[PDB]
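Participant: Protein chains in written order, with the numbering used here: chain A, 1 to 204; chain B, 1 to 227; chain C, 1 to 232; chain D, 1 to 239; chain E, 1 to 231; chain F, 1 to 235; chain G, 1 to 236; chain H, 1 to 202; chain I, 1 to 220.
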Amino acid sequence: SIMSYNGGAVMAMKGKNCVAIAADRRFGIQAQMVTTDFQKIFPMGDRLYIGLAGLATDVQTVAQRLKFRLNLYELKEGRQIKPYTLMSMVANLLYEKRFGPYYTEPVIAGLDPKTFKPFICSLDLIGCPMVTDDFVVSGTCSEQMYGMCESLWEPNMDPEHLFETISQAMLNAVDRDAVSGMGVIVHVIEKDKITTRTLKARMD
Amino acid sequence: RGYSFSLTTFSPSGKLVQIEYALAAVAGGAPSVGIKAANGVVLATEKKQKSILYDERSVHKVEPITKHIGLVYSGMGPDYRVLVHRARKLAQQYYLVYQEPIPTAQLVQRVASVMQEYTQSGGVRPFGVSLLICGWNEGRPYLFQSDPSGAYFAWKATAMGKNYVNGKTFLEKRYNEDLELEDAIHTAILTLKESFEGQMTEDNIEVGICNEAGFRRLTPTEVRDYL
Amino acid sequence: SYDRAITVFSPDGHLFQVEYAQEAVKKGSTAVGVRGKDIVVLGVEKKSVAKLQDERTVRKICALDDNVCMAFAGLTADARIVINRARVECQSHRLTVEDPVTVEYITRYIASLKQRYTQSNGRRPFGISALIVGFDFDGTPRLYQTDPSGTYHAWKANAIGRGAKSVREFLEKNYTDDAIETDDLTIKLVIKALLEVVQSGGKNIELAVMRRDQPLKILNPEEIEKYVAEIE
Amino acid sequence: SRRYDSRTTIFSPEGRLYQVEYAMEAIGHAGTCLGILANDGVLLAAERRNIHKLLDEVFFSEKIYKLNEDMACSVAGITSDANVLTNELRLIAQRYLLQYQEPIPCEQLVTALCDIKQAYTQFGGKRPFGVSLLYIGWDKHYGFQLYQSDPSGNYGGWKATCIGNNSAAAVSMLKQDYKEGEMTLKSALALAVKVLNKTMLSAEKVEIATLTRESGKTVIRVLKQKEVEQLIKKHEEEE
Amino acid sequence: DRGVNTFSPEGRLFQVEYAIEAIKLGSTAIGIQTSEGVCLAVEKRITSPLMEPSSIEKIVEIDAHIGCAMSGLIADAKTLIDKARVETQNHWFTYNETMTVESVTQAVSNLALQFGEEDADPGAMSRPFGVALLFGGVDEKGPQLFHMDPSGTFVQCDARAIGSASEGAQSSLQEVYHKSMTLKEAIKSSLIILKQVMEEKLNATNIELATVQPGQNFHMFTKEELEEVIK
Amino acid sequence: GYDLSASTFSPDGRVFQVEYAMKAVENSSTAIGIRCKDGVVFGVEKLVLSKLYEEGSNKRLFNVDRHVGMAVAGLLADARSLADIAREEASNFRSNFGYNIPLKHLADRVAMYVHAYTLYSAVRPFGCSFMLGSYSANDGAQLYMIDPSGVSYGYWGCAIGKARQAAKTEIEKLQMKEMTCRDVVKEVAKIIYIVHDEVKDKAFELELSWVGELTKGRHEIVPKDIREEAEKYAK
Amino acid sequence: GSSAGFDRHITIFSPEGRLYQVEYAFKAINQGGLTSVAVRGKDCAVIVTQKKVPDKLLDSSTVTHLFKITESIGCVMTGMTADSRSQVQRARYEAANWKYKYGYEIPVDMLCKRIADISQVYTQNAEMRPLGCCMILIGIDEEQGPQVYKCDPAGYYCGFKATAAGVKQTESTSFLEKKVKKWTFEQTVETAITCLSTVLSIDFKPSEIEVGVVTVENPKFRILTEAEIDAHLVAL
Amino acid sequence: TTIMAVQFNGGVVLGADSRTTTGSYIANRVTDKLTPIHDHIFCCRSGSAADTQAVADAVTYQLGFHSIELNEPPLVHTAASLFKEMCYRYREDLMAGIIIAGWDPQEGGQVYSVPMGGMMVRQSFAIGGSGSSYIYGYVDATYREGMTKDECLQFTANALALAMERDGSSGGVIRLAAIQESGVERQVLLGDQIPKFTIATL
Amino acid sequence: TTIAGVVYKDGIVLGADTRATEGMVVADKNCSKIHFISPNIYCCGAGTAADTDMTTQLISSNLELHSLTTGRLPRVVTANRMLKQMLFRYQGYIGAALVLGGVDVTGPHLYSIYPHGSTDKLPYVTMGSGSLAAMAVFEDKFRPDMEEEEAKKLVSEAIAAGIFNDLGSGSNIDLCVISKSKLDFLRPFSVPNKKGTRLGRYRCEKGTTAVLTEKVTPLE
Ligand SMILES: *[B]([O])([O])[C]([C][C]([C])[C])[N]C(=O)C1=[C]N([C]2[C][C][C][C][C]2)N=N1
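Have a look at this one:
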């Protein structure tokens with residue numbers, strides 16, 4: 001598979017009045033690791049982050065083209081983009097290449113501007129939006145991630161309780177995948193802060 | 001084939017006469033009045049064919065661009081049909097990408113761009129119509145005015161067409177910030193009554209209102225009662 | 001797209017559009033050029049010498065390559081377009097042939113593009129003249145001059161722009177085989193030529209020299225003030 | 001077809017381009033826009049020509065636009081032409097940032113838009129853009145800058161300038177009041193107000209924007225009604 | 001106002017008639033065809049002592065066996081000269097043989113009337129080339145001199161003079177040229193005629209002579225060579 | 001100045017350029033067409049400008065199809081290109097629907113192409129008028145006429161060119177309907193000898209083409225014998 | 001009445017903001033020398049046009065101003081004959097294209113609007129002139145019954161109860177105005193004929209005019225015959 | 001699929017099955033394969049459902065417009081020629097087996113065959129579809145010249161019924177159509193009305 | 001995926017499941033398969049999820065534009081034609097099999113559009129991987145001119161048949177009742193599946209996960 005060439009996994013969880021977005025940091029060509037600090041999560045505007053998983057070249061391309069569109073959109077209609085609007089924008093971009101698509105499964109997570117309501121979603125390669133209420137996973141080890149989030153996620157967790165759940169889910173999901181890991185970066189988006197910490201993972 | 005040179009050029013004094021002549025065509029057309037009032041916006045126009053053979057229910061001056069945006073004009077009738085079609089396609093295009101009703105300000109800007117393209121393109125003349133767009137988004141009313149040159153202004157209450165200067169004075173000393181939609185219509189029709197020559201009926205004017213529920217074109221019944 | 005014939009012949013076999021393009025070059029700032037032995041100089045008169053204007057953003061002398069540089073006279077906007085197209089050709093010539101372009105090669109290209117605009121549909125001729133100055137691989141200093149029509153000639157010393165005739169006559173009688181003997185001598189001949197077609201020369205003159213095996217060097221006001229003191 | 005042609009991009013006997021010169025005449029009858037370069041920032045003080053008792057405030061500004069993260073501009077001429085020009089300026093800045101992954105330098109942006117303006121004066125047979133622009137921004141190569149641009153496609157960097165209604169009267173006043181190299185943002189605002197008044201004021205008849213640097217970040221902001229009002233009162237004390 | 005493709009009442013294209021009037025302001029170029037080669041000579045006409053006379057190329061090389069002397073708008077002739085060079089190079093690539101002088105003149109005369117506003121492409125001429133050419137080469141038929149003008153009509157001539165002083169020079173060739181005249185005799189005749197119709201005293205740096213002989217190739221006289229015949 | 005382009009109306013509401021193109025058709029020779037009980041007969045008085053020309057040169061009668069004929073007037077260069085335009089339409093129609101194109105449709109299709117040159121400044125209106133004649137078992141004998149403005153109408157007896165107002169009074173005395181085709185040929189050659197001016201004009205060749213039941217629905221030039229005898233009857 | 005530049009030659013605004021060229025195209029409608037009258041009834045629409053025959057050699061049948069756009073939509077053209085057929089050909093293609101794209105028959109007001117939009121492009125572009133003709137379409141709508149529409153050379157269209165076109169347009173509209181203030185199949189036809197006869201003052205014979213109708217009971221556009229048009233002629 | 005068209009003096013008689021199968025599953029068990037191209041012109045579709053519907057819509061559009069310009073009832077041969085054009089043009093992209101059959105004032109009742117390749121041949125009767133292979137011998141031994149409009153309806157019903165039993169791609173009901181100068185008359189034959197043939201049993 | 005629709009006495013009843021799988025894994029247990037085309041026309045879509053959304057979103061905007069122009073209520077034929085013509089133009093490469101149902105001036109119409117471009121106008125249809133299970137219920141209990149409540153029960157049984165017999169369909173049941181005077185979008189209509197209650201908690205107490213770096217940022 002083309003998606004399993006560079007590895008990586010992104011995860012987004014929902015809390016009471018907060019969101020969390022975690023991702024692996026290993027960048028590697030097939031079985032060989034190159035760097036251990038590849039960026040898979042990009043800031044789309046204060047309380048809006050986008051995590052990309054899949055082909056590393058398409059992860060950077062899609063992140064750069066979405067930023068290009070996001071900059072023009074925010075300048076045109078001078079306002080902060082809304083989480084749901086970004087998903088439609090990203091889905092539209094991915095659907096332009098319907099027969100020569102980008103190999104990347106995006107995972108959007110952020111708080112709605114002004115209302116501060118949590119929002120998480122995931123899209124497929126051809127831009128198929130899927131808004132959920134609990135969590136969204138994307139990567140080469142989604143099965144492992146699906147099993148962790150299903151039995152760990154709680155309806156209304158707080159910033160600290162949410163951070164522990166998304167970290168335990170990622171740490172145990174990337175330990176079962178060979179081409180995923182080498183560090184885990186977690187971003188917890190609140191109403192007035194953006195805590196970012198790197199978890200102590202296995203360097204295997 | 002088609003000409004590829006600009007029909008509208010700068011004069012020695014620095015004026016674009018073609019646009020200036022198009023504004024003179026807009027200043028002779030049926031009067032239009034736009035009023036933004038707290039909970040909504042109202043757009044009224046003198047839809048009088050004055051002949052008694054024309055079907056009053058057939059043609060329409062006040063058109064809905066989208067579910068929350070209405071349009072009204074002053075100037076040439078056929079030119080307005082082109083702009084209304086362009087404004088409807090621009091609203092659909094925007095909604096196909098962002099999956100959310102195009103904001104009133106975003107539509108005006110997009111529609112004003114089209115009007116500015118006919119003042120610099122080859123083998124064409126500027127649109128001879130001034131639009132009065134109105135919309136409602138993000139719990140707030142909007143009222144814009146896009147003239148033939150392509151420039152747009154945000155107003156609170158305005159009037160175009162015949163006797164527009166006279167209506168702007170009668171509107172500047174009769175309009176209040178804290179005004180309700182229902183009362184906004186009363187002062188919108190009263191401003192149109194100051195240059196209506198004959199007798200005003202329910203089939204001589206057309207009124208469209210905008211609010212939280214979305215743009216609506218008042219039916220004859222409603223207007224009758226208001227009159 | 002526009003396909004109208006702008007430049008056409010007239011009753012007396014004239015090309016009015018090109019003649020009006022040369023009329024725009026006469027209204028431009030004076031640009032002097034002097035070819036020496038181991039140094040080529042370029043002098044440009046600064047008409048609008050406003051004190052509230054960054055002078056580095058409005059220069060008439062540019063560098064096309066590391067061995068070629070030029071000055072102009074006429075419409076500044078056009079000069080920019082011609083200067084950037086010539087810069088792409090210098091980079092294109094380096095990609096196709098190992099060696100850098102020769103002064104004449106790039107001058108030929110600049111002049112050929114100018115002639116192209118005087119005979120195509122929908123366009124008007126360029127309203128600028130150019131003084132391409134540089135060094136070849138052999139170390140031979142070069143100086144050419146292109147104009148709106150598209151013709152170019154090699155020169156020993158030339159001036160363009162307003163009052164170019166007055167400066168050209170001054171160079172004919174002053175340019176000998178002793179005036180360009182030394183580095184400073186050649187630089188002093190260019191500053192003297194600009195002093196007959198300028199107001200209070202010394203703070204309204206901007207010159208740049210180009211020595212062998214070295215990039216363009218723009219002499220600042222302080223250095224130009226030191227040369228004016230020796231011509232007193 | 002050739003009889004209706006107006007021949008916009010054509011030279012004249014004197015060697016001038018009529019169309020471009022007629023567009024420059026339209027920029028002298030527009031709202032006065034002035035820019036001043038300081039040491040900690042650069043500002044734009046433009047006069048509002050869209051004043052009425054029935055006009056809404058809606059937008060964030062009327063003449064001053066944001067090109068990108070570290071750039072802004074103030075137009076002066078045809079209003080609809082600026083809408084086209086400023087939208088193209090935003091595109092150029094986004095295209096550059098998508099290519100090198102860095103903010104486009106101020107002089108590179110101004111130059112790119114000038115190449116488009118000059119192309120409309122040489123071929124195509126269309127009228128030129130009747131607008132003059134003023135740019136203020138900050139880059140890592142030259143820091144704070146202020147550029148001007150006209151309909152012909154000509155541009156230049158300045159320290160203090162003015163385009164619009166009374167450019168010549170305002171330019172002279174700035175000439176004898178600009179202390180080059182020792183100007184601060186605070187002292188520049190006074191200069192703007194002092195020149196803006198003597199070239200026309202209320203706090204609703206003008207709009208000011210400053211561009212400064214804070215913690216490795218460009219900050220563009222339009223001064224508020226109250227914010228400007230105080231400035232206008234302080235100039236009255238010296239008069 | 002009229003279009004570029006407008007006929008006059010006498011049956012002449014205005015643009016071409018004005019382009020032929022622009023060749024009366026150019027420098028003179030006398031060409032004499034003999035049995036032992038062709039000889040071309042042009043009046044450089046320098047307007048300044050600072051102006052380098054070696055940068056003035058009125059006579060160019062189309063190929064080893066073909067030369068070319070031009071008059072009128074020199075800038076317009078750079079496009080015709082390149083076409084001729086590519087035409088003779090193309091011929092060699094396809095048939096492995098040199099193109100004849102008349103064939104090269106025919107291919108350059110085809111572009112002469114290729115201009116117009118309407119129904120045209122981006123890279124189309126807007127007017128005619130205001131320049132005249134004198135083609136001199138040696139093929140299977142020996143020395144041959146051809147003349148091509150703005151109208152696109154190429155004819156053969158034993159002796160031709162194009163430029164400002166063509167009328168005066170053409171008459172001086174009509175009574176000084178014969179079919180048995182040598183190539184060395186032709187070079188002197190041309191120089192003598194050129195010196196008479198010129199304003200500046202003829203010298204080694206003023207004019208430019210070129211010759212093409214049967215067994216040899218195109219050759220441009222240097223300063224030394226020129227001086228020899230000058231005295 | 002309201003008569004320099006076809007995309008300009010004059011104050012009264014006329015397109016002068018199209019009216020100027022009709023002037024060219026009133027300067028050409030007279031051509032007539034008569035429809036009868038079973039065919040159409042075309043008679044064009046070919047005016048020979050020189051004695052050097054061969055008898056039959058510069059024909060004004062062409063076969064646009066195998067069942068359709070075409071007599072022209074006005075400019076010949078323009079009319080020749082219109083005849084090739086009519087041939088394409090007739091040929092394209094057979095390759096699409098599989099059968100001979102109806103005269104009514106062919107006339108309309110060619111008239112619409114002629115009306116497209118009367119709207120723009122890029123082109124000029126055709127300076128020629130022409131008649132189309134045909135015969136079909138299912139249809140019958142048809143005769144249409146199209147002018148420079150792109151107007152096509154059905155007729156019984158038509159006449160174009162210089163002498164058309166004098167040739168229409170000669171065709172009005174005939175009872176075409178009850179008449180046949182062999183009897184009409186004579187009358188067609190008689191009217192052309194009456195309208196033709198022997199003074200102003202010089203030598204003239206008489207052309208004759210027909211299409212009906214006689215020739216089994218095939219348009220052809222009237223047989224030499226029948227044309228020679230008809231020419232003697234006119235004299 | 002002021003003017004400047006080439007406003008009278010090409011469709012470009014004049015000093016007063018008018019389009020002289022478009023106004024000159026309205027005078028081209030009267031050049032034909034005919035009048036058309038369409039009257040809307042209660043369950044039927046009636047089109048009445050003048051059928052003049054200049055020459056006796058002209059095959060009368062081919063001379064007509066009534067056309068069948070669709071199976072239920074019919075129209076009458078007035079003005080430049082060549083322009084009329086062109087516009088009629090355009091309406092046929094647009095109508096056929098509508099049914100193939102949307103799956104249902106085009107409404108009379110949609111076709112009129114569509115044809116009027118095409119006429120507005122000639123008023124904006126300067127490389128071509130507007131058509132000097134008028135169109136009056138009549139059809140039966142499934143929901144709103146009988147419909148009578150009309151679009152002109154300016155690109156303006158509308159819905160009517162009774163319309164007129166041609167040299168005598170003001171005469172037929174001033175007579176239809178007093179008649180509407182005061183209709184069955186026969187009453188809709190008789191009112192049209194009377195209007196056309198009282199304005200032209202000719203007292204038409206059978207073969208001298210043409211009528212087209214679209215009733216609610218039989219929506220297919222049809223042209224009355226010689227013996228059908230005569231029956232109404234001997235009713236008044 | 002089993003379509004069939006026969007002709008008599010007055011006009012023609014059409015017939016088809018109604019099964020639409022996507023593999024071994026019947027997606028539509030009551031498909032209407034007989035498509036009206038005009039007033040008196042029909043066409044039986046066979047092959048690809050999407051290809052036959054696209055072509056029929058296109059031809060119906062072209063024929064309608066052509067008939068409105070000529071102001072005359074379209075010829076059945078004209079409709080068949082239009083079909084043939086598209087069938088031949090896009091023979092490498094389409095999979096259709098159209099059978100055009102109608103009635104016109106000129107030639108009367110005609111049946112045209114436009115097989116896969118795009119050829120057009122007129123016959124007195126034609127059969128198409130996958131189930132037409134089993135009734136080739138039956139139609140050759142039962143067809144007789146002079147059949148009336150009543151015998152043609154019984155001939156078509158008999159042949160279609162025999163093909164529906166042997167073919168897995170044919171079944172459901174039988175949709176008939178009798179086109180004459182008077183008009184078109186549709187008729188469906190369900191379970192009990194469908195001709196039955198005693199299955200050989202020991 | 002199990003989508004179905006029927007035509008009752010005076011209206012249309014559309015239904016669908018809410019499960020979305022990414023192979024043999026449930027990605028979304030509550031996705032909406034019933035799309036809004038217009039006020040009187042809705043659409044159930046199976047096949048390629050991305051193509052099903054984009055095709056319905058485009059056709060709905062075209063029908064909205066057409067509605068604004070004509071000023072009348074859109075027809076089901078118009079939506080059918082637009083879809084079938086566009087689908088046919090992509091030569092089946094746009095995997096979008098939808099069930100189109102709505103009520104207009106002609107009455108209630110139910111169509112079934114296939115990826116290649118073919119359509120079928122029937123009284124009841126089923127699409128998806130669990131289409132054969134839902135078709136068995138329609139071929140065993142469907143009756144013409146059914147009552148609104150009867151049609152809702154029969155269409156619920158059809159979706160339930162697919163949800164419990166097909167591995168590609170699960171979660172809840174979505175219904176959509178379109179009649180001459182109403183439009184009832186019931187989501188969810190029935191919930192036959194419910195996650196089992198936890199037998200024990202697995203809460204991650206604070207400090208259970210080590211941290212190498214930490215950086216907080218105060219937003220305005
Ligand atoms: B027949 O069996 O040939 C029949 C003729 C058609 C109905 C005109 N064809 C089919 O049965 C048929 C089925 N399909 C599609 C297959 C893929 C799913 C949708 C139906 N295409 N033709």
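Even for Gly, the Cβ is constructed at its ideal location relative to N, Cα and C.
Since F/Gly98 meets chain H, which of its residues come closer than 7 Å, beta carbon to beta carbon?
Facilitator: The residue given as residue 98 of chain F occupies position 98 in the sixth sequence. Residues of chain H passing the Cβ test: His77, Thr78, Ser81.
Participant: Give every residue of the same chain whose Cβ lies closer than 6 Å to the Cβ of B/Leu218, excluding the five residues on either side of it in the sequence, and list them in chain order.
Facilitator: Position 218 of the second sequence holds residue 218 of chain B. Within the same chain, B/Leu218 has close Cβ partners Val207.
Participant: Which partner residues of C/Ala5 appear in the DSSP bridge assignment?
Facilitator: Numbered from 1 along the third sequence, position 5 holds the residue referred to as residue 5 of chain C. BP columns for C/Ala5 point to C/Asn121.
Participant: For ligand 1, any of its heavy atoms closer than 8 Å to the Cβ of G/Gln31?
Facilitator: For the purposes of this step, residue 31 of chain G is identified with residue 31 of the seventh sequence, where counting begins at 1. No, the beta carbon of G/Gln31 sits no closer than 8 Å to any heavy atom of ligand 1.
Participant: Nearest CA to the CA of G/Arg90: which residue from G/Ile73, G/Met80, G/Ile69?
Facilitator: On the seventh sequence, residue 90 of chain G is found 90 positions in, with the first residue counted as 1. Nearest of G/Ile73, G/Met80, G/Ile69 to G/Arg90, Cα basis: G/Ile69.
Participant: Within 8 Å: the Cβ of H/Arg175 and any heavy atom of ligand 1?
Facilitator: Taking the first residue of the eighth sequence as position 1, residue 175 of chain H is located at position 175. No, ligand 1 has no heavy atom inside 8 Å of this Cβ.
Participant: Confirm, please, whether the CB-CB distance from G/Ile73 to G/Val213 is below 9 Å.
Facilitator: Numbered from 1 along the seventh sequence, position 213 holds the residue referred to as residue 213 of chain G. Numbered from 1 along the seventh sequence, position 73 holds the residue referred to as residue 73 of chain G. Not a contact, by the Cβ cut-off of 9 Å.
Participant: Evaluate contact between the stretch 1-9 of chain G and the stretch 20-28 of chain G, counting only Cβ atoms and requiring at least three cross-stretch pairs below 8 Å.
Facilitator: With the cut-off at 8 Å, the stretch 1-9 of chain G and the stretch 20-28 of chain G touch.
Participant: Please determine, among D/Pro151, D/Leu89, D/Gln230, D/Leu98, the residue with the shortest C-alpha to C-alpha distance to B/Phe10.
Facilitator: Locating residue 10 of chain B in the second sequence gives position 10, counting from the first residue. Here the closest residue by C-alpha is D/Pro151.
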